[PDB]
Asker: 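Here's a structure for you.
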Amino acid sequence: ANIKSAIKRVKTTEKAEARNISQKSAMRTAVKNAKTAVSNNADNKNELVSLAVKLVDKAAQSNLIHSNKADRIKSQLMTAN
Amino acid sequence: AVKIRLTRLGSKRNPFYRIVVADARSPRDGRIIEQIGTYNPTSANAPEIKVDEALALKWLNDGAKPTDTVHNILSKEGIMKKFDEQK
Amino acid sequence: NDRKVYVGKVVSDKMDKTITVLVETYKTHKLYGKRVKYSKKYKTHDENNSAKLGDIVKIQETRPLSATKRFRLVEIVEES
Amino acid sequence: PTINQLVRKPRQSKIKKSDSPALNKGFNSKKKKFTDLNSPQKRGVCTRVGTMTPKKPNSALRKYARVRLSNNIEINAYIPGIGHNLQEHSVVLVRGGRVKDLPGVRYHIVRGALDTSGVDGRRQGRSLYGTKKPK
Amino acid sequence: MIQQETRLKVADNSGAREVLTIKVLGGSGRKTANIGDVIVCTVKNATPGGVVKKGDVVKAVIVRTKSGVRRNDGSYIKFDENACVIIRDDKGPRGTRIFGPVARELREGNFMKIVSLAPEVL
RNA sequence: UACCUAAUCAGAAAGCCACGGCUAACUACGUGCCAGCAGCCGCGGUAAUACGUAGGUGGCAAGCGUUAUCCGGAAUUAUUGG
RNA sequence: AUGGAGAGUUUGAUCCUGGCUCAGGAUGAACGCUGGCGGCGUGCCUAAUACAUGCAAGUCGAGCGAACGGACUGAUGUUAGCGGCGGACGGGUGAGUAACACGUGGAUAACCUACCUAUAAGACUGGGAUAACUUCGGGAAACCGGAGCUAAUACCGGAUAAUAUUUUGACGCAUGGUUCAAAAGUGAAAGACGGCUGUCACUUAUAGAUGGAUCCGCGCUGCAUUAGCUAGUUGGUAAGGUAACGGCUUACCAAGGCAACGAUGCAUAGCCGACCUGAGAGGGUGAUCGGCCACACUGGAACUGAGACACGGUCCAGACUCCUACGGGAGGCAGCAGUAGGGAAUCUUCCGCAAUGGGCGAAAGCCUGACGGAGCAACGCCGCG
RNA sequence: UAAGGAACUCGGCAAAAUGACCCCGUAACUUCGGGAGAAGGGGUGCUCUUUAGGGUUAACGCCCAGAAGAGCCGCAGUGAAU
């Protein structure tokens, strides 16, 4: 095999994978922190929720998650708030 | 995207073409959307062409993009002209 | 648009919010031409399970509910 | 029967058992399995060449050959013509068609084919019995 | 320390999955063997197919043992299972691969095709 | 390369199967229930239009026969139609 | 009206019944004997067997940094690289699949959609790297790892922004719908031009078109000497996650659900338009062409991506085949030719992008074994000898 | 008790190995009872969270049992005996 386009596509795939997984890892940390603050009604619930909604919509713009998935996470967070 | 192109319908060294609106990914002689007209380039002298007007202007407004020679065929009927008039 | 409607008979009401509706129709034989009765069982949703076994009811299709149900109960007209 | 009896029990036609079964079966040496092929002809190896006595009404010494085909099937085949050059370990081409007298011979060896010569003195009917155009 | 009536695994693709021994070649009264020693044996479990089939009598070479071997420097190599490989009466294998590690002492016995067709010489 | 135009030559260009009845096409010779033929009915035992050959005939023809498989004929799964 | 032929054979002879056989039409045919030509077609049905060797997916230097290299400041190339798009199309095969796979008719108020089109609003402000390159090491290759620099329409942070989400008031069951008035938070680019602007890059909302997804009625093989099948099974309640409904998954409840109208099981099979045959009713078939589906050495998985769980992409396991300095590495013709093997049997390791279509590009152009043509074969139909 | 595991022997004599409880599975053959504990697999310690149950009751409290989680420790958790 090893068509020149294919050999390059491997390099740009891992490059995109490294950037992608870091971003959703940061998102999922924010989402978990946001909903755990809401559950015990901590004083920092509001900006953690805003931090989670910010990161969720930033990744949905990067096609990391689908747009419709962002709304389910967003709708879940603000409803519990 | 959506392309207005020609489909080969001829035998060996006697090609006949239909003017067909089809997707770009579809095979040349395969799946289509609508037939618009015909194109015979091997007729007596001038290549006889037949084109419909209502559907041809309907697909052009919908974003269909003619190929290089369908553009010529639509020009010889003034279709590209009337498409241009309605800015 | 319009979703299809069937009228059948309740043959099972042992599950909550779910009844089985027997819609019997007719299918002719391709070769001999005789009309043969055949029946089809439909599993329908009814949040307030007012249908009881033996009632002729009105059934209309909907989006998939559970693994098998695709119908809702529209109208109950019999008493039995 | 009545129409209702026909609806419940649709008419069942008889199956057709075909002659020359050994031409309808192939072999797969990789999977050690028998297949269905419907071959016009099959090629085999002569494991025995001899002569068979015919049915009671007739009387003539008829030449035959025990042939193991491309399949793992061992059949008996007739040898049309006058002279034949086949002994053991002879590759032959076998077609259909049985011999009425000979009981147990349901095939014919094609003359003028792979490792099977034609009839030496045949001059009319050379399509059958092999042999090329004299002069 | 391998003696007769000892069951060994076969480390090859000969067909034999596991075999047991009858004698240890090499001398009257010889009783035991270690890596690099040949034994007569009869397979007890064969693969469906394979060149060697169940119930045959075959020559074979020990390639790894649990008793293991001392090396001249005071180094010892031991293993977790007995094992053997069939031979073709020319110090050559019957199968085409060889599974598992092998001990370096087979180099000396001129079982070179056994040492060449091996995952790990040790 | 189609294709057209000039010369030239009947010259370089037919075979296959059948001929007992179904089923178009018959005689002679060789053999003598042998050799052989055959889809069925069956033929061959010193005068075979049934085998082999030769003439003739007939069917097709750059094809002609054989084999393999499907429908028909089969109203022989019958609904039409037992 | 456009369409329907029989004959032989059971007996000493006959009429019935009944089976067998023949005369017809066909084929991706093969074989035997022959063989002049042309035009249209067709040509591995078997081993989804294994593959030597060539080609079958690249393009954009007007996105941009080069040791760049170099006409003459350097046109032009891409040597090599980053980046964008394409590689999910086109081409092949029918192994698997008896299933909403396929055909037909519907539904989605349970759904996604890059490019293309149109309408609007825009495109503000900053930052840090890294390829390439230089220089050190390793290693037998394959390749790998250190330092020192450098760009971008590469990447990241703030600004602002919708019909995006949360809370507010004003139908066909789950409802749909567009006003309201608050809260959080979601962007972007430049390139090459002309006298600020044009073109084509962009971002956000809408619609349209296109392409997908799911559900349902009916239709769709044989066997009952295959009769009882299931236990997420069947329904509900929560939660999760999916583009989306849903036992799709998980907990907890209840015992449910299908079945002689053939559950289940076994065997076989890609389905259809269509093809052959028949007067018709029917019967058989699923080569070439077109639509759909599934598969890519066998088997799992995800990444990138609008779209793949991906034929000439990645990781792992397996079976093979090859290299190795023995530690480790490479491969996949069911793409086009072609080879070996199996078989009764099926072709050139050809020419060209001239046309049509496709990718990329502003275009010129480049690539295209798609395709257009040539080579071989009475394999078929037709026409002429 | 290394490695081997009936090669000892007239014979696996003796010795070794299984053993408790809980869950899941269990064939031929039958006189339909059985076979059967058949065979063949998995778990058992400790601490904490949680929270069903019924037993005496006036209630506290006393008994005897369940289920789901989260840990901890050893080579080994019916850690010995039976």
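Values below: all heavy atoms of this structure, side chains included; hydrogens, waters and symmetry mates excluded. Numbers restart at 1 for each chain; the letters A, B, ... are given by sequence-line order, proteins then strands.
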Asker: Considering all heavy atoms of both residues, which atom of C/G8 and which atom of C/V21 are nearest to each other, and what is their separation?
Answerer: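 Between these two residues, the closest heavy atoms are CA-CG1, 3.6 Å.
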Asker: Is the base of F/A48 syn or anti, where syn means the angle lies within 90° of 0?
Answerer: syn
Asker: Report, as a single string ordered 5' to 3', how protein heavy atoms within less than 4.0 Å touch nucleotides 66-82 of chain F: B base, S sugar-phosphate only, - not at all.
Answerer: SBSSS------BBB--B
Asker: Please give, in whole Å, the distance from G/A154 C1' to A/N20 CG?
Answerer: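 My rounded result for the distance is 14 Å.
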Asker: With both atom distances required to be under 3.5 Å, do G/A174 and G/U27 make a Watson-Crick or G-U wobble pair?
Answerer: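 No.
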Asker: With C1' as the reference atom in both, quote the distance from G/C202 to G/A114 in angstrom, rounded to an integer.
Answerer: 15 Å
Asker: Per the atom types in the model, does the base of G/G313 pair as donor or acceptor with the side chain of A/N2 at under 3.5 Å?
Answerer: no
Asker: Test if G/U204 is paired with G/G18, treating Watson-Crick and G-U wobble as valid and requiring both distances under 3.5 Å.
Answerer: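 So G/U204 is not base-paired to G/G18.
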Asker: So if I define the base as every atom that isn't primed, P, OP1 or OP2, how would nucleotides 83-106 of chain G read as a B/S/- string at a heavy-atom cutoff under 4.0 Å?
Answerer: B--BB-SS----------------
Asker: So what does A/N68 hit on the nucleic acid, given a heavy-atom distance under 4.0 Å: a base, only sugar-phosphate, or nothing?
Answerer: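 Answer is sugar-phosphate: A/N68 comes under 4.0 Å of backbone atoms only.
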Asker: So is G/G187 sitting in a Watson-Crick or G-U wobble pair with G/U163, both distances under 3.5 Å?
Answerer: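 Verdict: no pairing.
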Asker: Is the CG atom of D/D120 crowded by more than 12 outside heavy atoms at less than 6.0 Å?
Answerer: no
Asker: Does a nitrogen or oxygen in the side chain of A/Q61 sit under 4.0 Å from OP1 or OP2 of G/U204?
Answerer: yes
Asker: Are both defining distances between G/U249 and G/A7 under 3.5 Å, such that they form a Watson-Crick or G-U wobble pair?
Answerer: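 Taken together, G/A7 and G/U249 make no base pair (Watson-Crick or G-U wobble, both distances under 3.5 Å).
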Asker: Using a cut-off of 4.0 Å on non-hydrogen atoms, how would the nucleic acid contact of D/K63 be classed: base, sugar-phosphate, or nothing?
Answerer: sugar-phosphate
Asker: Name the nucleic acid region contacted by D/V99, choosing base, sugar-phosphate or nothing; use a 4.0 angstrom heavy-atom cut-off, strictly under.
Answerer: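 Base contact.
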Asker: Taking the 3.5 Å cut-off for both atom pairs, check whether H/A20 pairs with H/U31 as Watson-Crick or wobble.
Answerer: no
Asker: Pick the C1' atom in G/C115 and in G/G87, then give their distance to the nearest Å.
Answerer: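 Here G/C115 and G/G87 have their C1' atoms 15 Å from each other.
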Asker: Considering every strand and a 4.0 Å limit on heavy-atom distances, what is the contact class for C/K34: base, sugar-phosphate, or nothing?
Answerer: nothing
Asker: Just checking B/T69: base, sugar-phosphate only, or nothing, at a heavy-atom cut-off of under 4.0 Å?
Answerer: sugar-phosphate
Asker: For a quick check, with a 4.0 angstrom heavy-atom cut-off, what is the B/S/- contact string for nucleotides 254-263 of chain G, read 5' to 3'?
Answerer: --SSSS-B--
Asker: Would you mind classifying the nucleic acid contact of A/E14 as base, sugar-phosphate or nothing, using non-hydrogen atoms under 4.0 angstrom?
Answerer: nothing
Asker: Determine whether any donor atom in the side chain of D/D101 lies under 3.5 Å from an acceptor atom in the base of F/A38, or the reverse, and answer yes or no.
Answerer: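 Looking at the base of F/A38, it does pair with a donor or acceptor on the side chain of D/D101 (distance under 3.5 Å).
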Asker: Output side-chain donor-acceptor pairs under 3.5 Å for residues 25-44 of chain D, partner residues at least two apart or in another chain, one line each.
Answerer:
| residue | atom | partner | partner atom | Å |
| --- | --- | --- | --- | --- |
| D/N28 | OD1 | D/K30 | N | 3.3 |
| D/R43 | NH2 | D/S70 | OG | 3.4 |

Asker: For H/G79, is chi within 90° of 0 (syn) or not (anti)?
Answerer: syn
Asker: Does atom CZ (D/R106) have a neighbourhood of more than 12 heavy atoms from anything else shown, all under 6.0 Å?
Answerer: no
Asker: Does G/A207 have a Watson-Crick or wobble mate here (both distances under 3.5 Å), and if so which one?
Answerer: G/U117
Asker: What does B/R13 touch in the nucleic acid at a heavy-atom separation under 4.0 angstrom: a base, only the sugar-phosphate, or nothing?
Answerer: sugar-phosphate
Asker: How many angstroms lie between CD1 in C/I19 and CD1 in C/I76, if you round to the nearest 0.5 Å?
Answerer: 6.5 Å
Asker: Taking the same atom, P, in G/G341 and in G/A29, what whole-Å distance lies between them?
Answerer: 25 Å
Asker: Ignoring hydrogens and angles, answer whether the base of H/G4 and the side-chain atoms of E/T6 contain a donor-acceptor pair closer than 3.5 Å.
Answerer: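 It does not, because no donor-acceptor pair links the side chain of E/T6 to the base of H/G4 below 3.5 Å.
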Asker: Indicate, with a heavy-atom threshold strictly under 4.0 Å, whether B/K65 touches base, sugar-phosphate, or nothing.
Answerer: sugar-phosphate
Asker: Which residues in residues 1-11 of chain B have at least one heavy atom lying under 4.0 Å from any atom of RNA chain G?
Answerer: B/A1, B/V2, B/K3, B/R5, B/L6, B/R8, B/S11
Asker: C1' atom, F/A48 versus F/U31: distance in rounded Å?
Answerer: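 Result for the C1' pair: 11 Å, nearest Å.
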Asker: Does OP1 or OP2 of G/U34 have a side-chain N or O of D/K132 closer than 4.0 Å?
Answerer: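 Answer is yes, contact under 4.0 Å.
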Asker: What integer number of Å spans the P atoms of G/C289 and G/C45?
Answerer: 12 Å
Asker: Can you tell me how far CZ of C/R72 sits from CD1 of C/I59, rounded to the nearest 0.5 angstrom?
Answerer: 9.0 Å
Asker: Distance check: side-chain N/O of E/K31 vs OP1/OP2 of H/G4, anything under 4.0 Å?
Answerer: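 No, no such contact exists.
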Asker: Watson-Crick or G-U wobble, both distances under 3.5 angstrom: are G/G41 and G/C379 paired?
Answerer: yes
Asker: Does a side-chain N or O from A/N63 land closer than 4.0 Å to OP1 or OP2 of G/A306, or not?
Answerer: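 Answer yes for this pair, as a side-chain N or O of A/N63 is under 4.0 Å from OP1 or OP2.
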Asker: Determine which nucleotide pairs with F/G52, using a 3.5 Å limit on both distances of a Watson-Crick or G-U wobble pair.
Answerer: F/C29
Asker: Base, sugar-phosphate or nothing for C/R72? Non-hydrogen atoms, less than 4.0 Å.
Answerer: base
Asker: Which residues in residues 106-122 of chain D have a heavy atom closer than 4.0 Å to any atom of RNA chain G?
Answerer: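 Those residues whose heavy atoms fall under 4.0 Å from RNA chain G, taken from residues 106-122 of chain D in numerical order, are D/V110, D/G112.
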Asker: Classify D/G125 by what it touches in the nucleic acid, base, sugar-phosphate, or nothing, heavy-atom distance under 4.0 Å.
Answerer: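 Touches sugar-phosphate only.
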Asker: How far does the P atom of G/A107 sit from the matching atom of G/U2, given to the nearest Å?
Answerer: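 Straight-line distance between the two P atoms is 41 Å.
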Asker: Should E/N82 and E/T65 be marked as a side-chain hydrogen bond (donor to acceptor under 3.5 Å, both in side chains) after you check the CA-CA gap, both sets of side-chain angles, and the distance that decides it?
Answerer: CA-CA 4 Å; E/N82 308 265; E/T65 63; 5.4 Å; no
Asker: Does any N or O donor sit under 3.5 Å from an N or O acceptor when you compare the side chain of D/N58 with the base of F/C43?
Answerer: yes
Asker: For the structure I just gave you, are G/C82 and G/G63 base-paired, Watson-Crick or wobble, with both distances less than 3.5 Å?
Answerer: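 Yes, G/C82 pairs with G/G63, since both Watson-Crick or G-U wobble distances fall under 3.5 Å.
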Asker: With C/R35 as the cation and C/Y26 as the aromatic partner, state whether NZ or CZ is under 6.0 Å from the six-membered ring centre and within 45° of the axis.
Answerer: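 Geometry flag: set, cation within 6.0 Å and 45°.
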Asker: Has B/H71 got more than 12 heavy atoms of other residues, nucleotides or ligands less than 6.0 Å from its NE2?
Answerer: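 No, NE2 of B/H71 has 12 or fewer neighbouring heavy atoms, counting only those of other groups under 6.0 Å.
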Asker: Compute the centroid of each ring, for D/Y78 and then for D/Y64, and state whether the two points are separated by less than 6.0 Å.
Answerer: no
